[PDB]
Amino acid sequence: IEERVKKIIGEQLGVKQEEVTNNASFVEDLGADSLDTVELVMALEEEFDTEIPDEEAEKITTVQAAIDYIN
């Protein structure tokens, strides 16, 4: 895909591509904790080399928030 974000989050939280939806919350749908969070938001720039700041990242709890922030 072009917005192939479900591969990075699937690879970080150990979930198959079927469970990663678009309205999936990382904490209560992909079953994560606040360390998996910083690991995943840190792994997104491994694909895109961005710099999502400390202040404007706490509300990216959904996967579609990730694809929308990248886009």
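So that there is no doubt, residue numbering starts at 1 and follows the sequence shown. So that the term is clear: the rigid core is the largest set of C-alpha atoms that superpose within 1.5 Å between two forms.
Averaged as a root mean square over residues and superposed structures in 8 other deposited structures of this protein, CA distances to the shown form are larger in 49-57; the pair compared was 7-15 and 49-57 with a core fit.
Sort the chain's modelled residues by C-alpha temperature factor and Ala65 lands in the middle third, per the entry. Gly10 sits in the middle third of its chain by CA B factor, as recorded in the PDB entry. Remark: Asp33 belongs to the lowest third of its chain, ranked by C-alpha B-factor as recorded.
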